[PDB]
Amino acid sequence: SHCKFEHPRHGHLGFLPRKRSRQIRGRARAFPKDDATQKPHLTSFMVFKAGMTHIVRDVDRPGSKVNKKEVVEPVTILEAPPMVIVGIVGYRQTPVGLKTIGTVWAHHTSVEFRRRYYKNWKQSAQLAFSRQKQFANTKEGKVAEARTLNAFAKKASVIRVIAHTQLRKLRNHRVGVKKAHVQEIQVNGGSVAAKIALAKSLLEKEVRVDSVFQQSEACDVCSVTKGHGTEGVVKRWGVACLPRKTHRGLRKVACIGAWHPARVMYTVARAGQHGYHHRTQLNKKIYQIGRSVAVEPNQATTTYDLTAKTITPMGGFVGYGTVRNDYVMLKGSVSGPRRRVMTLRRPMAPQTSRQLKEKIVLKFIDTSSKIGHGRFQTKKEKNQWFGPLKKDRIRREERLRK
Amino acid sequence: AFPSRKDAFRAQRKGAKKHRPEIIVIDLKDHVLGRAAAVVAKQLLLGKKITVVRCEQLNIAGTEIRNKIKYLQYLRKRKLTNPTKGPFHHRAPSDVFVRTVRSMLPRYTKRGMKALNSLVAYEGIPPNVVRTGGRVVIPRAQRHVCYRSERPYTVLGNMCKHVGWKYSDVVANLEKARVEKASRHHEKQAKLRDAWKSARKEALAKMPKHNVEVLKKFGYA
Amino acid sequence: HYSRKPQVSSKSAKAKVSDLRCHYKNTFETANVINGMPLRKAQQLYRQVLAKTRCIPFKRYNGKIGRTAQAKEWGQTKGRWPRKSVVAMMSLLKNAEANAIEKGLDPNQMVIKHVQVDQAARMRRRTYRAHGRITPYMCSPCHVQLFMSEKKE
RNA sequence: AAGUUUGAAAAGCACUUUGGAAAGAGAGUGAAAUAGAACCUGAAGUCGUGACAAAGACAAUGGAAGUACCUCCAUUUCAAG
RNA sequence: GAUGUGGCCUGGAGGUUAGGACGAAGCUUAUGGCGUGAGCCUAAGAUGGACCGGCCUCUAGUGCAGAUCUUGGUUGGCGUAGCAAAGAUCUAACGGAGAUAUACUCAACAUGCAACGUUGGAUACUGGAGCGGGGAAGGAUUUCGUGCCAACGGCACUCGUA
RNA sequence: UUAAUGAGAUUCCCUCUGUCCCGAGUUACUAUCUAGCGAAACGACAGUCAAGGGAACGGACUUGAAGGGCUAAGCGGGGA
RNA sequence: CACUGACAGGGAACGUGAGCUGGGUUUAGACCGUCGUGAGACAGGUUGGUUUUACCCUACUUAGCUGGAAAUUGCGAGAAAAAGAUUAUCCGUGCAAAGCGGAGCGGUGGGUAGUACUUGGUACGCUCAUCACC
Ligand SMILES: [K+]
Ligand SMILES: [Mg+2]
Ligand SMILES: [Mg+2]
Ligand SMILES: [Mg+2]
Ligand SMILES: [Mg+2]
Ligand SMILES: [Mg+2]
Ligand SMILES: [Mg+2]
Ligand SMILES: [Mg+2]
Ligand SMILES: [Mg+2]
Ligand SMILES: [Mg+2]
Ligand SMILES: [Mg+2]
Ligand SMILES: [Mg+2]
Ligand SMILES: [Mg+2]
Ligand SMILES: [Mg+2]
Ligand SMILES: [Mg+2]
Ligand SMILES: [Mg+2]
Ligand code: NA
Ligand code: NA
């Protein structure tokens, strides 16, 4: 017999299985299509999530009742220290897929890059890349590098560079890790020879986020969601609770199948892992690419708000701390908690709609405290509200006797 | 499969030569799918080692639309309660040929498994096969003797690229480069071939006469 | 009379205990793990199990026990820390060591060569169940025998 | 419910050594201790241990016909045969 | 379903013919041989310790895989389900075999854990319709002191209505 | 027919609310992991599916599809 | 009755009770009508009336360990690979024609002065210093 009343099913079957992700970093499963006409360029970057806040802006959108009016939008702040390029790889097409041809390594590598090959780096012999390092500079090693670069030139169709993060430059106290994160970044544009030339030019050097992304464009984000362990069916899939007088518990699915087929199907909701899944999220607009505070202290000062202040709120980002490097401000939210590393990618979808083409100009950036109900934008404002306090009177009466 | 260090050590200790098993290479271009499969399965059960090349050029009788509809009917078969267990539908032409052969063998028995494991299939002609010797055909399964010319027929690669195979252009480019290389080499060897032909033509004056008479009597002049 | 005989009787020591009031299934696992070990190594392992820095791997009688990281060194994922069996096996090892000393052998060279645990005769108590039923409540003790030999460097 | 049926005879294990003890390892009695006290014989079923044979998922068992390896088994042949 | 069989097997009787401490019955088996078969016979026991085999007649409480069969003993599930009402203990000293129990190397942690009785101190509970003090019915030594810790007090004991 | 009475059977109104829209957060005891102790019920043999025929609703048969081994916590489709 | 673009029809042991609920139906108590001398009956009405067990196998959901191509063995040799006294110099070239080519200058530490990079840590010019390859 058919069901009396109908509704859509609970949950999307294209996100199965709901298992823990294989790794903690976000990795792009595909890169945007290569257009050989353009100039060669990089296509991704790695960043670290540090809290969120909100902004004010005027809207430029003809036909909307919000035209030429001020709106408040929440934003996410992600810290972006420069990456370092250490290698070059190439791929050739086969009837069974893409195959790696070889790898060209840089002549020198960092300790943070080499730490990634150990579990106990401090109490070890620390010999990674020593034989390669001494062999690559003899007569034969130079010949081998020439050979592999010619093989790239002859047979490759895809060129990627190997890059890694700089945790020593990140200088964060709650990110415990000291071994670098490593990823391949594909080079798009130009021909294979031009790609190889660009990749060889930027070897052993560092790359800034502002040389990959521009202020008012959009991006895709690859990252892993927050974990919640073992979860029941009501939270995991959003099924309805049962009436109060139900014997043996209410937070269940009442019927898990018919008599035939004499089986439980893969489409029925069950308890299990929730969270810690990889996700690719589509159209996040960049609102600001901010310089390092050591270089420019007035990070959050706008043209309309002349107050001098940085992007870090009073009392710090809860559980994260101060932002000390270059950073990016994205509209809206991203998957994952504070302190997790994520990947920014150049967009795949068409970028021709009005909302994606709009130019963004900020008017106010909020820097009040995220502990409690913050009501001051700066410490000077708080000091103007409260005059001198008892602690200050004691300080100024015991710092003058000398 | 990468050989193990123990195998390499044993081969060095024995100090033998490079061994190659007895293998037959079949060029499958313009062959009828079912008849070629029927012949190959019987030879595999009789104990041969067989490699087939150019699987994207097999033929099926009928129109491409009719054959594509048959494949889509095959594709819709699926274990409803858990599709990770249901039939697995391979889309490449070499996998299609391998499945056709597997269906004509006692697969569940070990003997059938050995016979099926003795077959290798390729699209195009790969470079590890190109130089191994002359290829063969199956006369009782060729299109120009099997089909009436007026009827339409299908080409397997064309049928497969519309149901999901995604390497047709890669195979086409590889085959183009292959044929150019082989043609240039063949033209370069013409002086050698002609010199040997002339040498055979001229040795008939320097051999003894009574041998030439035997050659003429048996028709080798 | 043991189920196996040492190769050289003059260089071997024996020990045995009967109707020991420890669980047969726990003592089986506790005793089987030291079979090929030198005597000092076995004693160190038992001390570390009492300290809970290493575990006893449960390989046969392990249906639905917990998983632990300390089992990884034995190639397993299940193991426990049974103190009642561990202390009894420590006593048995001390007896075998004394027998070796009295025969005039060096305990720092002994290697355990034979270990065997067996089910002994059971004892009966009772338990009370719903609707006026009475049902058994039994104890399962064990026999243990072992011998060790002098290794020849 | 339950044969007290150890042995011809208690000769029912002195003494040394480890252990809180129960016991263990030696030593001794006896034709025999694998006759050590509820002790003649000591089956089946079930379990431990040592050695060995292999072995995918084909439930296991089973029939027929061979082969590889083993065999504390039987029988027949060794020189004019 | 009927019938036949110098057809097979078990306990006892009348005859006859043999065996056994140089090892009877019983038991064990990759011990072969014989028989279409029921079965019979030999070998080995690094098993046992006193009775017993063949043949012709006679006689019967005379052959088991199953009866929700009877009685005894085992067994997977399984070191699993659980041992969650009556709020709760902590600390030092003394006692005890119940420890501070180690091979090289090693100052101590990372290699003897867990648990107990008594006294002092601390912290809580019962809350006079009381885990207060006396009696009837019912029970009959459970009462007292000194010991002891095999079994019993569904964990434990140096303690006990044992 | 009846005032008073009712842990009797029924309908409406006011008050009220997690009964519901539509679920979220918190506590104590469990479950979960460990030390000690330690059962039962049940138990032909077993245990992946589709179609076919069949005592006309197969785990075992016929023809196809799958299927490396061993495990922890859950769950209530099948084991008529 | 009201909303809506629309309020289509069916199957899955008349899907779905070790998933619930228990209003109806279908025990024992009791009242009414009709029937029966009567005990009692009614496919008539009415009120009140215990909803048991998963710790096994499979299925499903998540969560660990680990062998393996003769799918555990044979020594049973198959590369989407390179081209050559039978695979036994190096680049270039088309499985060409030609053209090259074969103390030094690398890894490490010591001084010495400028630069580049997100600016404490790496490179780079000279200069000895031990190991090096050829
Ligand atoms: K439990
Ligand atoms: Mg967390
Ligand atoms: Mg209820
Ligand atoms: Mg806050
Ligand atoms: Mg459990
Ligand atoms: Mg009870
Ligand atoms: Mg009772
Ligand atoms: Mg006896
Ligand atoms: Mg009878
Ligand atoms: Mg019987
Ligand atoms: Mg409890
Ligand atoms: Mg309680
Ligand atoms: Mg009180
Ligand atoms: Mg007790
Ligand atoms: Mg069920
Ligand atoms: Mg359940
Ligand atoms: Na009788
Ligand atoms: Na009447």
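Residues numbered from 1 in each chain as written, not as in the entry; some residues may be left out. Chains lettered and ligands numbered in written order. Part of a larger assembly, values for the part shown. Heavy atoms only, no water. Residues with missing side-chain atoms left out of burial classes, pairs and counts.

- For this deposited structure, the header cites cryo-EM as the method used and 2.46 Å as the resolution.

Concerning the side chain of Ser94(B)
1) Next: Tracing the backbone through its elements, the reader meets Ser94(B) in helix 4 (residues 93-102).
2) Next: With sequence-adjacent residues up to four places away left out, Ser94(B) is seen in contact with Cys55(B), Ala121(B), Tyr122(B) and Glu123(B). (Helix = DSSP H or I, 4+ residues; strand = E, 2+ residues; numbered from the N terminus. Contact = heavy atoms within 4.5 Å.)

So, the UniProt feature "binding site: Mg(2+) 2" (unreviewed entry) in chain A
All names here are of chain A.
1) Next: Under the present numbering, the feature "binding site: Mg(2+) 2" (unreviewed entry) in UniProt falls on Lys-370.
2) Next: Along the polypeptide, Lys-370 turns up in the loop between strand 15 (362-365) and helix 8 (379-385).
3) Next: On the accessibility criterion, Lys-370 (30% relative accessible area) is partly exposed.
4) Next: Leaving out residues up to four positions away in the same chain, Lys-370 has contacts with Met-52, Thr-53, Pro-313, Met-314 and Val-318.
5) Next: Only 3.0 Å separates the side chain of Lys-370 from the side chain of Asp-366, close enough to count as a polar contact. (UniProt positions renumbered as here; feature names shortened; annotations may be inferred. Buried < 20%, exposed > 50% of the residue type's maximum accessible area, 1.4 Å probe, protein only. Polar contact = N/O pair within 3.5 Å; in protein donor to acceptor, adjacent residues only side chain to side chain.)

As for the interface of chain A and chain B
1) Next: If you look at the interface, chain A gives 10 residues, while chain B gives 9 residues.
2) Next: Contact between chain A and chain B buries roughly 780 Å² in total, counting both sides, with carbon and sulfur atoms accounting for 65%.
3) Next: Contact with chain B buries surface across chain A, with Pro95(A), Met265(A) and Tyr266(A) losing the most and accounting together for 62% of the total.
4) Next: Put simply, chain A and chain B have 0 salt bridges between them. (Buried area = accessible area lost by both parts, 1.4 Å probe. Salt bridge = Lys/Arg side-chain N within 4 Å of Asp/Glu carboxyl O.)

Considering the UniProt feature "binding site: Mg(2+) 1" (unreviewed entry) in chain A
1) Next: In the numbering used here, UniProt assigns the feature "binding site: Mg(2+) 1" (unreviewed entry) to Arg263(A).
2) Next: Relative to the elements of secondary structure, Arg263(A) occurs in the loop between helix 6 (233-237) and strand 11 (272-275).

What to know about the protein's contact with RNA strand D
1) Next: Neighbouring residues of RNA strand D: 24 residues in total, closest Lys110(B), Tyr2(C), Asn95(C), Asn99(C) and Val117(C).
2) Next: Backbone sugar and phosphate groups make up 78% of those atoms of RNA strand D lying within 4 Å of the protein.
3) Next: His1(C) places a polar side-chain atom, nitrogen or oxygen, 3.2 Å from a base oxygen of RNA strand D.
4) Next: Interatomic distance of 3.4 Å between a side-chain N/O atom of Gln119(C) and a sugar or linking oxygen of RNA strand D. (Near = heavy atom within 4 Å.)

Observations concerning the packing of aromatic side chains
1) Next: Taken as a whole and judged by the stated rule, the model has 11 aromatic pairs over all chains.
2) Next: On the numbers, 6.1 Å between centres and 90° between planes, the contact of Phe113(A) with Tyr117(A) is edge-to-face.
3) Next: Look at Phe113(A) and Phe129(A): their rings are 5.8 Å apart centre to centre, the planes differ by 50°, and that puts the pair in the tilted class. Placement of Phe113(A) in helix 1 (residues 111-114) and of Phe129(A) in the loop between helix 1 and helix 2 (130-135) is noted, with a sequence separation of 16 residues between them. Across the pair, exposure class does not vary: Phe113(A) and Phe129(A) are buried alike.
4) Next: Three or more aromatic residues link up through ring pairs in this structure, and these residues are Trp105(A), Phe113(A), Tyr117(A) and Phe129(A).
5) Next: Cation over ring: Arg99(B) sits above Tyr74(B), and NZ or CZ is 4.2 Å from the ring centre. (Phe/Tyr/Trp six-rings, centres within 6.5 Å; stacked < 30°, edge-to-face > 60°. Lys NZ or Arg CZ within 6 Å of the ring centre and 35° of its normal.)

Digging into the environment of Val25(B)
All names here are of chain B.
1) Next: Looking at the secondary structure, you find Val-25 in strand 1 (residues 24-27).
2) Next: With a relative accessible area of 9%, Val-25 lands in the buried category.
3) Next: Between the C-alpha atom of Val-25 and that of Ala-37, which follows or precedes it by 12 residues, the distance is 14 Å.
4) Next: The residues contacting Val-25, other than those within four sequence positions of it, are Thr-51, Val-53, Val-129, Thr-132, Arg-135 and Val-136.

A look at the protein's contact with RNA strand F
1) Next: Taken together, 41 residues form the shell around RNA strand F, and within it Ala258(A), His23(C), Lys84(C), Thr135(C) and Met138(C) come nearest.
2) Next: When the atoms of RNA strand F within 4 Å of the protein are grouped by moiety, sugar and phosphate amount to 86% of the total.
3) Next: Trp81(C) has a polar backbone atom sitting 2.9 Å from a phosphate oxygen of RNA strand F.
4) Next: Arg125(C) is positioned with one of its side-chain polar atoms (N or O) 3.3 Å from a phosphate oxygen of RNA strand F.
5) Next: When contributions to the surface near RNA strand F are tallied by element, the ones reaching two or more residues are helix 3 (83-103), strand 5 (123-129) and strand 6 (133-139) of chain C.
6) Next: Top contributing element to the surface near RNA strand F by residue count: strand 6 of chain C, with 6 residues.

A closer look at the sheet that holds strand 7 (residues 142-150) of chain C
Residue and element names in this part refer to chain C.
1) Next: Reading across from one edge, 1-7-4 is the order of the 3 strands in this open sheet, with antiparallel pairing throughout. Two strands in the sheet have a free side with no partner beyond their single neighbour: strand 1 (12-20) and strand 4 (110-119). Across this sheet, the average inter-strand angle for adjacent strands is 10°, counted without regard to direction.
2) Next: Note: strand 1 against strand 7, 7 bridges, orientation antiparallel. The residue of strand 7 that forms the bridge with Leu-20 is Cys-142.
3) Next: Packed onto the sheet, helix 1 (residues 24-32) meets strand 4 and strand 7 and runs at close to 165° relative to strand 4. (Pairing = 2+ DSSP bridges. Axes fitted to C-alpha atoms, helices over the stretch in contact; angles between N-to-C directions.)

Looking at a positive patch on the surface
1) Next: A cluster of basic side chains, namely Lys42(B), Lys49(B), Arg111(B) and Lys114(B), defines a positive patch on the protein surface.
2) Next: Mapping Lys49(B) onto the fold places it in the loop between helix 2 (33-46) and strand 2 (50-53). (Patch = residues over 30% accessible without salt bridge, like charges linked within 9 Å, V, L, I, M, F, W, Y side chains within 5 Å. Areas by Shrake-Rupley, 256 points an atom, 1.4 Å probe, with all protein chains shown as cover. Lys, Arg positive; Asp, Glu negative; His and termini not counted. Charge placed at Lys NZ, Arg CZ, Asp CG, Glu CD.)

Quick notes on the nonpolar core
1) Next: Residues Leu42(A), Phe45(A), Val161(A), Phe213(A), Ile311(A) and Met329(A) are the most contacted members of the largest nonpolar core, which totals 54 residues.
2) Next: Excluding residues that lie within four positions of it along the chain, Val161(A) makes contacts with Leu42(A), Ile85(A), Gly87(A), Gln183(A), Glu184(A), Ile185(A), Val187(A), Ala199(A) and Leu202(A).
3) Next: Core analysis: the next-biggest nonpolar cluster, separate from the first, contains 34 residues, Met37(C), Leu39(C), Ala96(C) and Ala100(C) among them. (Core = buried A, V, L, I, M, F, W, Y, C linked by side-chain atoms within 4.5 Å.)

So, the sheet that holds strand 2 of chain B
One key point about sheets: their strands pair by backbone hydrogen bonds, in either a parallel or an antiparallel sense.
Residue and element names in this part refer to chain B.
1) Next: Pairing is parallel across the open sheet formed by 3 strands, whose spatial order is 1-2-4. Two strands close off the open sheet at either side, each with one partner strand: strand 1 and strand 4 (119-121). Strand after strand, the sheet turns through a mean of 20° between neighbouring axes, direction not considered.
2) Next: Judged from the 4 bridges that link them, strand 1 and strand 2 form a sheet pairing that is parallel. Bridge pairing in strand 2 places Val-25 opposite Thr-51.

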